[PDB]
Novice: 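Input: one structure, supplied below.
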Amino acid sequence: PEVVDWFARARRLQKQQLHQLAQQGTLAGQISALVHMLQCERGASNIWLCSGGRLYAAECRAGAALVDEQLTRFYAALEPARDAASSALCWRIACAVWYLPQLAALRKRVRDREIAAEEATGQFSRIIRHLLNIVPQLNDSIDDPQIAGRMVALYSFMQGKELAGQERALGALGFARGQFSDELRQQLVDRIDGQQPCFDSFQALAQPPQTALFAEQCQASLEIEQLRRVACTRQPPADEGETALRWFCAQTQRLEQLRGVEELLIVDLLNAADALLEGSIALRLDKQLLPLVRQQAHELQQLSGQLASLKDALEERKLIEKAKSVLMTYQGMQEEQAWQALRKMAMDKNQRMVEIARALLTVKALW
Amino acid sequence: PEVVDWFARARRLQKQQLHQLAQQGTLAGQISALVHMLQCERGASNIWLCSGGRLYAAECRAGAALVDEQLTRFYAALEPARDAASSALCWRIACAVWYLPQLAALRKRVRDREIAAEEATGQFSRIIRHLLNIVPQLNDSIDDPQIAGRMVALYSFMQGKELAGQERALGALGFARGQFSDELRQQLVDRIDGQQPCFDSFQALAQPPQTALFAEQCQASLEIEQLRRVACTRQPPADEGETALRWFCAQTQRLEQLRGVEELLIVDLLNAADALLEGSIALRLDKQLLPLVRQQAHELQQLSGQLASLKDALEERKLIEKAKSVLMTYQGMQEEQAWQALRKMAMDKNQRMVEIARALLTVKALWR
């Protein structure tokens, strides 16, 4: 009866949407490439600055050029959206497009070394962050469940990879100074913690050949694992940039492996979109709308937001200090020992430290 | 340059969306009213069935008439929505409209008493849930930040009120039987804890005059609180329906108070809609997109689905059983004592029992 008409419209709308999957997939792929080159540029700039202008100048120069190439292709890929993007998507594109022109200024300062590594790192990260924020919004305008599923798996991956890039940066800073402040250490830990939800989401949503590829091509790194423990537990070697470089090179190799997988996710998504363009109701509705999947996308985007917010960072640190007190009081731990205990529980349960701390505070009646 | 170009198109699109506000606001109001009448019918049918066809026949008949009256208005409010409906909104609407025609069959069984109170309760609840699921979807085509914020606050409130209604039904069943099984008790507890995030979300998002009205009009009930404690602790009195009625009536007054506030929210939303028709980027962005607000709507829908799913219910019970074992082993608690401890922590911390359970399993290396 009336029901048939609501399905007829839903189906009409979805068939129209079919024709935008190509432009949408291409934009996502183009955002991925730009972000990747920006990640390369951020890395080279970091070493350039931490080395006092001794190293990686060539890489900075090649990086910037490759970024400029991808910028062109990104602006090209935005064209289809000019007369089709929703209000919310337009806002996301606007914020991303707003920061891009700052590259000129930023590069000059990196070149002249009139900026600190943490600052330049922060500015590259912000540009990247707003570019990535386009993706989930892109997904809100995609009705096909298979493709929306692939978009969220891809975004999850891209977001984990970005947090891996921030791990590289923060760790390089610490090893270059020869010390990790408690602040820097916490940020490093937060960048490592944060990857977990991202790649977990990716594994839950990806296709079997994709996760197979991930497990094979992106194996855990012993050296990175050891270096993480060093940064979190003791003074690094005073080898004047040598350990920083070992860290940087190992992380760079990991990031290149991740990129190899990411490129395949984008190929698979484009091919899948091509295929589609070749033509109980409640149970069916969840499979069609994928509400929990799209929520996951929003949660990762939100997690990203919080890591870039000082308000949020200090809020979470408040909880962690509280949880440390509980361990200090009821368990006779020392401050550093309390922090390490929470950190260890976070690793073992695959949760962030603030999640462990909140958990401890909710059941504190038992202490 | 290009920047202003994107902002210009956004503003322009938003301006155009102002024209859908009246029908979106109206549809939300008609959904609210239909859900309310269905809640009245659910409760009447429940007393009719639990009293073995002795009480509430008049209320059932009247309630059904009111529902039919609102269905007409609901179906009318759908006509304008058609022209602006996204694919996902179409699906939500189709789902809700798919179950509506089943009311006739359900009522006949209710009259003939050829259905159990829990079964009749569940079928009303299912129609209600799909109607409610339309509301958050309404936001996928609402660009205005203030309105979208109002829609989520309303949905949060509507959802808390629905769960309060399920609390009434579950408690009445238990008191009518003279016993709460461990099962019925968990479902009751779950309906009560579920209300917390709904009304917390409403309070965070509503306007000060709206939270004010709520704080004054919908104050906690000592009688309901005492009866909750009875249902969760000891055996209820075998007074052949007397306590059940006491429960039902207290809860029904509570729901009418909530309804008063809900009607205000709708009036306010409509006024705001009319007044709109007649009118540091990370900062501007958040204010405009309201990611936290969309997150809240997500979570409440998630909670809603979980309470409706046996898979989800049993997944969560597994966690609660594990947490109980932890208390039984490392703290020497009896099983019932263990369960009571978890429920207690959940009230005190304003979290669901499964969240308390998860918290304890997360840190149990500390007890080890």
Side-chain angles (χ1 to χ4, degrees), chain A residues 28-51 55-56 58-60 62-67 69-70 117 120-129 131-132 135 153-176 187-203 206 210-211 213-228 231 243-267 300 304 307:
Chain A
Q30 224 54 71
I31 288 166
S32 174
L34 177 50
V35 160
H36 178 75
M37 306 293 48
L38 283 165
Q39 286 166 345
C40 293
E41 184 167 1
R42 171 180 64 192
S45 296
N46 203 9
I47 303 299
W48 169 251
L49 296 166
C50 288
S51 72
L55 307 171
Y56 268 74
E59 288 69 16
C60 290
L66 288 178
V67 168
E69 284 182 29
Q70 285 309 325
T121 283
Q123 298 188 26
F124 282 111
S125 297
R126 179 213 286 155
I127 288 171
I128 289 167
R129 186 178 96 246
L131 281 173
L132 291 184
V135 181
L154 167 66
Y155 169 70
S156 299
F157 192 91
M158 285 173 64
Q159 189 62 74
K161 178 160 93 83
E162 163 60 7
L163 288 189
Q166 301 183 13
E167 180 190 342
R168 173 180 73 184
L170 292 172
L173 285 179
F175 286 123
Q187 292 169 358
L188 175 59
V189 160
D190 291 335
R191 297 313 183 287
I192 297 160
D193 284 346
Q195 299 166 34
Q196 186 68 41
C198 294
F199 293 118
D200 284 359
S201 167
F202 160 77
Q203 265 152 344
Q210 290 167 332
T211 64
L213 183 66
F214 184 57
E216 165 204 355
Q217 292 286 128
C218 301
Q219 316 197 23
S221 160
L222 175 66
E223 182 167 27
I224 286 174
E225 275 171 23
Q226 295 173 316
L227 286 182
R228 284 180 174 175
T243 293
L245 287 176
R246 256 214 304 142
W247 165 264
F248 183 85
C249 287
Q251 288 283 8
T252 300
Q253 170 174 261
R254 161 155 83 128
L255 290 171
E256 281 305 324
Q257 300 302 112
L258 286 166
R259 176 62 178 167
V261 170
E262 186 190 19
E263 285 170 349
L264 273 298
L265 306 181
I266 294 170
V267 167
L300 294 182
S304 154
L307 288 167

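For the numbers below, each heavy atom of this structure counts, side chains included, while hydrogens, waters and symmetry mates do not. Chain identifiers are assigned alphabetically (A, B, ...) following the order of the sequence lines, protein sequences preceding nucleic acid strands; residue numbering begins at 1 within each chain.
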Novice: From A:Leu188 CG over to A:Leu227 CG, what is the distance, rounded to the nearest 0.5 angstrom?
Specialist: 10.5 Å
Novice: Please enumerate all residues that pass salt bridge (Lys or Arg N to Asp or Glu O under 4.0 Å) together with A:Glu223, with sequence neighbours excluded.
Specialist: A:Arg246
Novice: Atom CD of A:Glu59 and atom CD of A:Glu41: how far apart are they, to the nearest 0.5 Å?
Specialist: 12.0 Å
Novice: I need the A:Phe214 CZ to A:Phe199 CZ distance, nearest 0.5 Å.
Specialist: 5.0 Å
Novice: Just one of A:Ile128, A:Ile127, A:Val67 clears the side chain to side chain contact (heavy atoms under 4.5 Å, CB included) bar with A:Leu34, so which one?
Specialist: A:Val67
Novice: Among A:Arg129, A:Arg191, A:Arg126, A:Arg42, which residue satisfies the salt bridge (charged side-chain N to carboxylate O under 4.0 Å, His left out) criterion with A:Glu162?
Specialist: A:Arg42
Novice: Looking at residues at least two apart in the chain, or sitting in another chain, which of them share a side-chain contact (heavy atoms from CB on, under 4.5 Å) with A:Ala33?
Specialist: A:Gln30, A:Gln70, A:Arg259
Novice: Assess the residue pair A:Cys218 and A:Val261 against the criterion (side chain to side chain contact (heavy atoms under 4.5 Å, CB included)); give the C-alpha distance rounded to whole Å, side-chain angles, the decisive distance to 0.1 Å, and a yes or no.
Specialist: CA-CA 8 Å; A:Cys218 301; A:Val261 170; 3.8 Å; yes
Novice: Does atom CD of A:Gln253 have more than 12 heavy-atom neighbours, drawn from other residues, nucleotides or ligands, at distances under 6.0 Å?
Specialist: no
Novice: Provide the closest heavy-atom pair for A:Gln219 versus A:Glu216 in the form atom of the first, atom of the second, distance.
Specialist: NE2-O, 2.9 Å
Novice: Tell me, do A:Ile31 and A:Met158 make a side-chain contact under 4.5 Å, heavy atoms counted?
Specialist: yes
Novice: Can you name the closest pair of heavy atoms from A:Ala117 and A:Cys50 and give their distance?
Specialist: CB-SG, 3.8 Å
Novice: Might you point out which heavy atoms bring A:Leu258 and A:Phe157 nearest each other, and give the distance in Å?
Specialist: O-CE2, 3.3 Å
Novice: Could you give the distance from SG (A:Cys198) to CD (A:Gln195), rounded to the nearest 0.5 Å?
Specialist: 7.5 Å
Novice: Give the minimum heavy-atom separation between A:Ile266 and A:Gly29, together with the two atoms involved.
Specialist: CD1-CA, 3.8 Å
Novice: Output yes when a side-chain donor or acceptor of A:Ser125 lies under 3.5 Å from a complementary backbone atom of A:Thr121, and no otherwise.
Specialist: yes
Novice: Tell me every residue that passes side-chain contact (heavy atoms from CB on, under 4.5 Å) with A:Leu245, counting only those two or more places apart in sequence or in another chain.
Specialist: A:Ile47, A:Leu55
Novice: Side chains of A:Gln251 and A:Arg254 only: does a donor on one sit below 3.5 Å from an acceptor on the other?
Specialist: yes
Novice: Identify the two heavy atoms, one from A:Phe202 and one from A:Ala153, that lie closest to each other, and give their separation to 0.1 Å.
Specialist: CD1-O, 3.6 Å
Novice: To the closest 0.5 Å, what do you measure between OG (A:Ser201) and CG (A:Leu300)?
Specialist: 5.0 Å
Novice: Any non-hydrogen side-chain atom of A:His36 less than 4.5 Å from a side-chain atom of A:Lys161?
Specialist: yes
Novice: Taking the side chain from A:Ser32 and the backbone from A:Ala28, do they hold a donor-acceptor pair closer than 3.5 Å?
Specialist: no
Novice: Taking the side chain as every heavy atom from C-beta outward, state whether A:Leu132 and A:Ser304 have any atom pair closer than 4.5 Å.
Specialist: no
Novice: Would you please test A:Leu163 and A:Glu167 for side chain to side chain contact (heavy atoms under 4.5 Å, CB included) and show each step?
Specialist: CA-CA 6 Å; A:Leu163 288 189; A:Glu167 180 190 342; over 6 Å; no
Novice: So A:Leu154 and A:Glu262, do their side chains get closer than 4.5 Å, heavy atoms only?
Specialist: yes
Novice: Please check if the side chain of A:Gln257 supplies one atom and the backbone of A:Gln217 the other of a donor-acceptor pair under 3.5 Å.
Specialist: yes
Novice: Quick one: are A:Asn46 and A:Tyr56 in side-chain contact, heavy atoms under 4.5 Å?
Specialist: no
Novice: I need the minimum non-hydrogen distance between A:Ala176 and A:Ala244, along with the two atoms involved.
Specialist: N-CB, 3.6 Å
Novice: Supply the atom-to-atom distance A:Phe248 CZ to A:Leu255 CG, rounded to the nearest 0.5 angstrom.
Specialist: 8.5 Å
Novice: Just say parallel, tilted or perpendicular for the rings of A:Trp247 and A:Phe175, cut-offs at 30° and 60°.
Specialist: tilted
